[PDB]
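Taking it in order: structure first as structure tokens, then the write-up.
Coordinate-derived values only; no laboratory data. Please note: Cβ atoms are built from the backbone with ideal geometry, for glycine as well, and neighbour counts cover all protein chains shown.
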Amino acid sequence: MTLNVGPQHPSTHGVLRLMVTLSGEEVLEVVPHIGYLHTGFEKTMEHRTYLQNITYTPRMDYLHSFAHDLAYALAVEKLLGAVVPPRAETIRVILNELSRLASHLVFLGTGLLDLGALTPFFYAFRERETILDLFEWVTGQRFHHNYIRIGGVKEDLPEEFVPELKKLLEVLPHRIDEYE
Amino acid sequence: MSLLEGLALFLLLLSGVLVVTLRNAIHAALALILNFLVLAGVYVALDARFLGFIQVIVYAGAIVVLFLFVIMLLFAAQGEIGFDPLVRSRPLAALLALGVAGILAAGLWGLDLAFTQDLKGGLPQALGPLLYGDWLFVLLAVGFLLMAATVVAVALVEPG
Amino acid sequence: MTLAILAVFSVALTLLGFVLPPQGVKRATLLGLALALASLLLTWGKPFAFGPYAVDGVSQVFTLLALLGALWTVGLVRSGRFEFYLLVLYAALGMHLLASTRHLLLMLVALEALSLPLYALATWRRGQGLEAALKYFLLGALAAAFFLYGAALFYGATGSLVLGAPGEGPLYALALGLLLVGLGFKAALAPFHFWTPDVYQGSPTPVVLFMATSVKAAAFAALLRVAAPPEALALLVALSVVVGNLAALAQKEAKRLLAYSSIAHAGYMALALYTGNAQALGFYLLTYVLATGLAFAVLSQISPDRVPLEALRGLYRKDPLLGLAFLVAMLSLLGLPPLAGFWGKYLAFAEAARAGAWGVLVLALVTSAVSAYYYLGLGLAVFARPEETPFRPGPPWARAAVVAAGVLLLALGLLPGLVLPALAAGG
Amino acid sequence: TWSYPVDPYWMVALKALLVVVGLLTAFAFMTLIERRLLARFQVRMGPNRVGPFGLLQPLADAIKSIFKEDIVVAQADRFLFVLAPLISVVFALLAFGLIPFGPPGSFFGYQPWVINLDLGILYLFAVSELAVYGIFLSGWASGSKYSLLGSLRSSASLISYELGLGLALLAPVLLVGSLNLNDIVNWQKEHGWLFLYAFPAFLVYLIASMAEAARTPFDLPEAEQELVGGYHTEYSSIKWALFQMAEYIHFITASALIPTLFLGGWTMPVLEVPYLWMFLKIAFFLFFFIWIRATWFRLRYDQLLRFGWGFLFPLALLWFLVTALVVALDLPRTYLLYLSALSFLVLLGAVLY
Amino acid sequence: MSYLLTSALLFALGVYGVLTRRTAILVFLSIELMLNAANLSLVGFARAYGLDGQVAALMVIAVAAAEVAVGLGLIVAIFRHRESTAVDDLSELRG
Amino acid sequence: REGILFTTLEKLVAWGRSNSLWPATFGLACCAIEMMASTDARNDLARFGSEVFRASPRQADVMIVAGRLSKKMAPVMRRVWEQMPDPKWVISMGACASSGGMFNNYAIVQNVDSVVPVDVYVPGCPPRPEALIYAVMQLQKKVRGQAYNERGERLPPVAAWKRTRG
Amino acid sequence: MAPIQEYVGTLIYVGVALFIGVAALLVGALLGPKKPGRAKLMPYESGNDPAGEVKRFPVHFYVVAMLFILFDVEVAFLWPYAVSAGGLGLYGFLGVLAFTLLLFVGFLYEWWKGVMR
Ligand code: SF4
């Protein structure tokens, strides 16, 4: 029984297709078939300048958007060999790890729902909204934020981003624990 | 009687015709479920209530599911698979069917007796004392049969 | 009890069989039967009820036989699941129960108890052996419906569900006719015989042994309690003895030949039922059981699969003792005096003649001469030029059994007045 | 009923008709409430518009459901496709009218039951087997073999738990010595609520009526997120509403039986008043299941099978023998109390430390 | 009295079944209708001679069920590997 | 019978359907994850019958095409649309879907209107959750028959008779 | 006996239920426009069927079913004892236990061997 777990449905994840070679009770093989979102970054980016490219890097991954951005930024900075002032690298780690938390939260939120029943999704999301709101303050927008501009970030940290960050740093320990 | 009686016995027989004529296993088997309901009703009407309820529970609720599972399991889209030298034998078969009723019919106009005893409605209260009374042996025989069936059944299907 | 040993061992052994090795379960099951046999001997002639179960003259004799057959068949086979003993054990119990009752519902329950494990035992998965299995199950299941329908009209004609109570006009006549059908099929009285040629060919040899002894015993046992009309009997016998013996000339596959033979012997045995007896059938079946038991042990020693007629030839070279055994057997089933087979025939025939049914008894005898074609067709073929075919000689185990059977056979030939005294029908 | 009143047939019809439309409207406004009680659990607000408070949101839903294209796909059994929802709903509906809610002579000159039989429990047991007919037929009916394979998963599972229900009701049946719901109720009036003398039968029953589609098996399946649940997935307009419906009417029916049998009908040592206390016992178990529903995962059909088949039934028959012994030697009922009390203690120390 | 005639009719029908069908499982299905014909008969008479014909009937059910289980089981194991259930396409054992 | 007739009745039915819209989501990329956002927690959505998690096309009816949609994916999505019962609407969320976003390529299918008729567009990359609420309000008031646009013309409530299905 | 009064009444209940059922189904059936397609007609997403019409399924389903039938017969019999159980005394209890152990012996065998293949 080679079964066709189709585009998304009926297990409602991604757009992966898996040809499950199944005896009946015993999983033998999955033949994965990909190619359902090949929208070709590798081509497209060859027709846009370097400033513009910083806006195509968070459009690939998205659960962890900023990491692509960060990774790309570094690669260029390195290439033409010009420093990053120290505060820049500080801001960049604060955001980088903040986006990382954002990603894990969405990962555990979806997973638990995926198989398992409903509830743990919402708490994992609840916290995620707060992170996105924090992000909102500093870069002007949610995920798919463009804030690196080679050599550093493009605006200061506002006055208000540090107070609100403090709020969220108090809560998170207790909050993580309830997922455990 | 014969106002209502007619209805139930007509239904029963009619249903009977269906389960042996029709094409396709599922419609067939399903007809037999309508059968066993009617028959259950007829039990109740004849002061055997307990037996009635068991008719539904076992024969129509356990058994036919097993039937359905087999005909689903191995498919069945023809009640008339292949063609083979058996074709003329349809009328001799239908002949003999009449015959086997005929001789039995004859027999039953041969002792005709009173229908006139009580039964208590057949409630399981009043069946109990008999069942574990002197029929207790017969019962344990039953019990042995089931166990044998399970073990046999396994040995056929799974290698092991 | 006898029942006690069987039931206990069977249930206990059921779960037990996981721990023990398959040889050890063959060891266990052999012991069990033998104990059951022990208990039979030491309680002989004390009729004992404890329920609908009722040990009497008939029971004792035929369950001796049923147990006998079961001991033998369990001997020969090496399995791959403990279950191909376990199911046989069960089956033995079923046949024990069949004889030792007289109440119709026990009889039904018994009929499934003996028939069910037989269907499964028809499988060593040989492709033929599935075709075989199926035929038997469907024909069996048909007879299930008949025998059950028979009982239901019987209860109509009489207050009893036990066999015994006056009997009436037409309905009682009717009811008794449909009961002979069911039982008939199990003993292979024609014209229900149809499965007996296919299943005997299809099933693996040791199994066929079991059917050709035990089921015939058991079947007859219960049959005897039926007060069968003298007309019914006469029909059955004629059809059995004619179709059986004539058709058997045409066959040329050893087991299937013996299948046809095993219709004929049922036909002769059913004569005994006229006045009813339990001494006549006791003796008869004793000689039949031994002879067939012997014979099929020998066929197994040839090969596990369909034995072409020629395969028998040269048996005397291969081993002398075994070759002679099979000879003695074949003459015994033909009934050439002074062998025990003759006495078995004679006693049955004597009950027919007392009953005064002449014609039947003549017909039977004429075609019983016919029977010599194929019986000698085996028995002499033994001595000719040795064949180049598969064979093996088996242990001293098997030698002792086969040769025991053949001496025991002709021993009862000369001295039937040993056993006959104490095959009493009352105790 | 050898000692209870009977109904006039016209009035049977009225009470029957009422119990049907009552259970539709029941189901409707319960679904809304189920959404909302979940919502709060998952720190949210459910339907809140479609005013005046959500109360017309079910209306909107129902009206939506019809007035859509019902279509039978090519490759489907014509007859069954139409039949299959009917069958599933009929066998859900029946046996709510069996169970009494108030005491006799208090439905304004009439009785608070549709029927009351003289073989109560058997009828109950019987309808629980027949729902599963609806299920597997739909499977074949849909004519997608994907649906079929799902439906067998379903059916197989359901049927496994079905056996435990039989052994479950035996424990109170011994004690009451009759098997009619009313008698079971009156028995409890004197002697004690039946969850006392048969704590392990409360348990095994509870979770076994639970196992009917009610989440925590759930490789029942529902289509989403697995090798699909069959039956639906190929049905569109009205028929679909019915399956979904059925599953909820079953849910509420089960939420009623557990009070009726095990904690008294409406008997109390605080007040008997007809309808109310029953509705409250219902209310509790209803609400209890939704809390369960939210906060735990789902099982595989592997596990599920081990659990009922392998585990529950050895506890079910074990309890049967004990209670049958106790009654056989005709002993005090104190002796069941001690054991019950002990089993509750066993299962308590084992879970809670 | 009606009932006892009816019973024989249902028996007759089943026979017509048993001989006609070309799918094996439906043969077996036909057999079951005959078996219930039996239980009806038995039960009809149970009303005449009072109350043992009930207990009788129940025992029959259990036997019937046993023979169903094993029998369909057999049908399954034979034709799981075979891809057609054609009964008269089993024919090598023959005279 | 076919469809609906009488002023009274249609106003009834139109309320019934309109206020109950049931989303079958067709996640496809980054657009999807923000669509999930719109369900949980702080953000609203559960107030228009969308509360239950529906995700077979059969069991729901407004298809939210959320994300980039490859050339290879067009026949799949096409088929998914076709397998919906008769009143079926497409909100097209996000730029990649609506027009092609910033990808103008061999690969990506520019302007979702190829694979189905659109009904309500909601621009953004992603448009934040609240914008999707606004979209469904639009689609709500569209189906009510109050579907006029700047050119003074009203669009017929269901547009999916606008195009064909086969 | 037991009064026939309520059994007729049962049938009444069934008659009500079926009516309301079928009525609803005819309401549903008639309303809502019609317009066939080319992939509404030809079954679900990826393949002709989304199991793509594979042949034969595990014997598991047979096993579970088979178990259930035999044991449902078990349950059937334990009801007569269950109702009137104080009438039969100690000899009663010995009978029941006997029967049960036979069927439980069945249980342990098919359990140790495998419900799973
Ligand atoms: S429009 Fe933007 S948010 Fe959407 S799929 Fe495209 S890149 Fe993602």
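I need D:144, C:115, E:2 ordered by Cβ neighbour count within 10 Å, fewest first.
Working: D:144 27, C:115 22, E:2 14.
Result, fewest neighbours first: E:2, C:115, D:144.
Can you work out ³J(HN,Hα) from phi for every residue in the stretch B:88-98, in order, using Karplus 6.51 cos²θ - 1.76 cosθ + 1.60 and θ = phi - 60°, giving whole Hz and x for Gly and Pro?
Ordered by residue, 3J(HN,Hα) equals 4, 6, 4, x, 5, 5, 5, 5, 4, 4, 5 Hz.
Assuming a ≥ b ≥ c are the square roots of the Cα gyration tensor eigenvalues, decide whether the stretch C:32-118 counts as rounded (a/c under 1.5), prolate (otherwise, with a/b larger than b/c) or oblate.
Working: a/c = 2.72, a/b = 1.40, b/c = 1.93.
Oblate, because a/c is 1.5 or more while a/b does not exceed b/c.
Filter chain A for me: DSSP H helices, axial length by Cα at least 24 angstrom, mean Kyte-Doolittle hydropathy not below -1.0. List them by residue number. Walk me through the numbers on the way to the answer.
Details: long enough: A:86-114 (42 Å, 0.49); A:120-139 (29 Å, 0.05); A:161-177 (25 Å, 0.10).
Membrane-span-like by this rule: A:86-114, A:120-139, A:161-177.
Among rounded, prolate and oblate, which fits chain B when a ≥ b ≥ c are the square roots of the eigenvalues of its C-alpha gyration tensor, a/c under 1.5 means rounded, and a/b larger than b/c means prolate? Kindly include the intermediate steps, with their values, before the conclusion.
On the way: a/c = 1.82, a/b = 1.15, b/c = 1.58.
Note, shape of chain B comes out oblate.
What whole-number distance in Å separates the alpha-carbon centres of the stretch F:97-124 and the stretch C:110-189?
76 Å
If you scale each eigenvalue of the Cα gyration tensor by 5 and take the root, what three semi-axes come out for chain C, rounded to whole angstrom and sorted largest first?
On the way: eigenvalues 192, 141, 88 Å².
Working through the eigenvalues yields semi-axes of 31, 27, 21 Å.
For chain D, set up a Gaussian network in which alpha carbons nearer than 10 Å are linked by springs, and say which option among D:75, D:57, D:188 fluctuates the most.
D:75
Once both labels are modelled 7 Å past Cα along the beta-carbon direction, what's the residue A:52-residue B:75 spacing in nm?
Placing both labels 7 Å beyond Cα along the Cβ direction yields 5.7 nm.
Using Cα centres only, tell me the gap between the stretch E:1-56 and the stretch B:46-112 in whole Å.
8 Å
Cross-link candidates for residue G:55: which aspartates and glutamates have Cα within less than 17 Å, leaving aside residues fewer than 8 places away along the same chain?
Cross-link targets: A:25, A:26, E:83.
Report the Rg/Rh value for the stretch F:1-160, based on alpha-carbon coordinates and the Kirkwood definition of Rh. Show your work: numbers first, answer last.
Values: Rg = 15.8 Å, Rh = 16.3 Å.
A ratio of 0.97.
Kirkwood Rh, the stretch A:88-180, all Cα pairs: how many Å? Could the numbers behind the result be given before it?
On the way: mean 1/r = 0.0702 Å⁻¹.
This gives a value of 14.2 Å.
With each label point set 7 Å from Cα along the Cα-Cβ vector, what nm distance links residue B:1 and residue C:4?
Modelled inter-label distance: 5.2 nm.
Based on the alpha-carbon gyration tensor of the stretch G:1-116 and its eigenvalue square roots a ≥ b ≥ c, which shape applies: rounded if a/c is under 1.5, prolate if not and a/b is larger than b/c, or oblate? Intermediate results must be reported in sequence, preceding the final value.
Details: a/c = 7.38, a/b = 1.44, b/c = 5.12.
Note, shape of the stretch G:1-116 comes out oblate.
Starting with the fewest neighbours, write out D:224, G:6 ranked by other beta-carbon atoms found within 10 Å of each beta-carbon.
On the way: D:224 18, G:6 22.
Fewest-to-most ranking of D:224, G:6: D:224, G:6.
If r is the Cβ-Cβ distance from residue D:291 to residue G:34 and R0 is 41 Å, what FRET efficiency results, to the nearest 0.05? Provide the component values of the computation, followed by the final result.
On the way: r = 44 Å, r/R0 = 1.08.
Step by step, r from the Cβ atoms, then E = 0.40.
Taking Cα atoms, how many degrees apart are the long axis of helix E:52-79 and the longest axis of chain E, rounded to 10 and kept between 0 and 90?
10 degrees
Could you give me the ³J(HN,Hα) list for the stretch D:194-204, computed from phi with Karplus coefficients 6.51, -1.76, 1.60 and θ = phi - 60°, whole Hz, x at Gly and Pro?
5, 6, 5, 8, 7, 3, x, 8, 4, 3, 5
With a bin width of 10 angstrom, please list the P(r) values of chain E as percents of all Cα-Cα pairs, from the 0 bin to the one holding the largest distance.
15, 35, 29, 15, 6, 0
What are the residues whose amide H is under 5 Å from the amide H of residue D:69, where those residues sit 5 or more places off or on another chain and H is modelled from the backbone?
Amide H to amide H, under 5 Å and 5 or more residues apart or across chains, residue D:69 pairs with F:86.
Go ahead and run the numbers for FRET between residue G:5 and residue G:54, Cβ-Cβ distance against an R0 of 41 Å, rounding to 0.05. Before the final figure, lay out each step's value.
On the way: r = 53 Å, r/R0 = 1.30.
My answer for the efficiency is 0.15.
For the pairs A:43/F:72; A:43/A:78; D:15/D:189; F:71/G:35, flag any whose C-alpha to C-alpha distance is greater than 19 Å. Can you show the working numbers first?
On the way: A:43/F:72 17 Å; A:43/A:78 23 Å; D:15/D:189 26 Å; F:71/G:35 27 Å.
Long pairs (Cα-Cα over 19 Å): A:43/A:78; D:15/D:189; F:71/G:35.
For peptide C:86-93, compute the average count of partner chain beta-carbon atoms within 10 Å of each residue's beta-carbon. Mind showing how you got there, number by number?
Working: counts 5, 4, 0, 0, 6, 2, 0, 2.
Neighbouring Cβ atoms belonging to other protein chains average 2 per residue here.
If one takes the longest principal axis of the Cα atoms in chain D, at what angle in degrees, from 0 to 90 and to the nearest 10, does the Cα axis of helix D:276-295 lie?
Here the helix axis deviates by roughly 60 degrees.
Taking K and R as +1 and D and E as -1, what net charge do the other residues with C-beta under 11 Å from the C-beta of residue D:64 add up to? Walk me through the numbers before you get to the answer.
On the way: positive: D:68, F:17; negative: D:61, F:61.
Charge balance near residue D:64 sits at 0.
Would you grab the residues whose amide H sits under 5 Å from the one on residue A:2? Only those 5+ places off in sequence or on another chain, please, with H modelled 1.01 Å from N.
A:22
What do you get when you divide the Cα radius of gyration of chain A by 2.2 N^0.38 Å, with N the number of residues?
Values: Rg = 20.1 Å, N = 180, 2.2 N^0.38 = 15.8 Å.
The reported ratio for this selection is 1.27.
Please report how far the C-alpha centroid of the stretch B:19-42 lies from that of the stretch A:9-40, rounded to the nearest whole angstrom.
Taking the Cα centre of the stretch A:9-40 as reference, the centre of the stretch B:19-42 is 43 Å away.
Under 10 Å, Cα contacts only: if you run a Gaussian network model on chain D, which one of D:314, D:200, D:217 comes out with the highest mean-square fluctuation?
D:314
Under 17 Å Cα-Cα from residue G:40, which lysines qualify once same-chain neighbours fewer than 8 residues away are excluded?
D:68, D:145, D:239, F:88
For residue F:122, what residues show an amide H to amide H distance below 5 Å, using hydrogens built from the backbone and excluding near sequence neighbours?
When sequence neighbours closer than 5 places are left aside, the close amide H contacts are F:92, F:94.
What are the membrane-span-like helices in chain C by this rule: whole DSSP H runs, Cα extent along the axis at least 20 Å, mean Kyte-Doolittle hydropathy at least -1.0? Before the final figure, lay out the partial values.
Values: long enough: C:22-42 (30 Å, 1.24); C:57-76 (31 Å, 1.70); C:83-99 (24 Å, 1.61); C:104-121 (26 Å, 2.14); C:128-157 (44 Å, 1.25); C:170-187 (26 Å, 1.72); C:230-247 (26 Å, 1.84); C:254-272 (28 Å, 0.65); C:280-302 (33 Å, 1.71); C:320-334 (22 Å, 2.42); C:340-355 (24 Å, 0.33); C:396-414 (27 Å, 1.82).
Helix filter hits for chain C: C:22-42, C:57-76, C:83-99, C:104-121, C:128-157, C:170-187, C:230-247, C:254-272, C:280-302, C:320-334, C:340-355, C:396-414.
Using a Förster distance of 35 angstrom, determine the FRET efficiency expected from the C-beta separation of residue B:117 and residue B:22, and round it to 0.05.
Values: r = 39 Å, r/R0 = 1.11.
Rounded to the nearest 0.05, the efficiency is 0.35.
How many nm is it between the label spots at residue D:283 and residue B:134, if each spot is 7 Å from the Cα in line with the beta carbon?
Inter-label distance under the simple model: 5.8 nm.
Mind checking which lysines have their C-alpha under 20 Å from residue G:113, skipping anything on the same chain fewer than 8 residues away?
Excluding near neighbours in sequence, the set is C:26.
Can you give the convex hull volume per residue for the Cα atoms of the stretch C:158-207, as a whole number of Å³? Could you put the intermediate results ahead of the total?
Details: hull volume 4.8 nm³, N = 50.
Value for the stretch C:158-207: 96 Å³ per residue.
Would you mind ranking A:29, C:253 so that the residue whose beta carbon has the fewest other beta carbons within 10 Å leads the list?
On the way: A:29 11, C:253 16.
The fewest-first ordering by Cβ neighbours comes to A:29, C:253.
So what is the orientation-averaged projected area of the stretch F:74-166, using the convex hull of its C-alpha atoms, in nm²? Before the final figure, lay out each step's value.
Values: hull surface 27.6 nm².
If I average the Cα hull's projected area over directions, I get 6.9 nm².
Need one value for C:216-225: mean number of C-beta atoms belonging to other chains within 10 Å of its residues' C-beta atoms.
On the way: counts 0, 0, 0, 0, 0, 0, 0, 0, 0, 0.
Other-chain Cβ atoms within 10 Å of each residue's Cβ, averaged: 0.
With 5 Å bins from zero, work out the P(r) of the stretch C:247-336 over every alpha carbon pair and list the percent per bin.
Reading upward from the zero bin: 3, 12, 22, 23, 19, 11, 7, 4, 1, 0.
What are the principal axis extents of the Cα atoms in the stretch A:51-101, in Å, biggest first?
30, 23, 13
Could you please tell me the mean projected area of the C-alpha convex hull for chain D, averaged over all directions and given in square nanometres to one decimal? Provide the component values of the computation, followed by the final result.
Numbers: hull surface 81.9 nm².
With every direction weighted equally, the projected area is 20.5 nm².
Could you give the Stokes-Einstein D for the protein assembly as shown in µm² per second, using the C-alpha Kirkwood radius, 25 °C, 0.890 mPa s? Before the final figure, lay out the partial values.
Values: Rh = 36.5 Å.
Calculated translational D: 67 µm²/s.
Once both axes come from the Cα atoms, what is the angle between helix D:9-41 and the longest principal axis of chain D, in degrees from 0 to 90, rounded to 10?
80 degrees
Which three lengths, in whole Å and largest first, does the stretch D:90-228 cover when its Cα atoms are put on their principal axes?
Over the stretch D:90-228, Cα extents along the principal axes are 53, 35, 22 Å.
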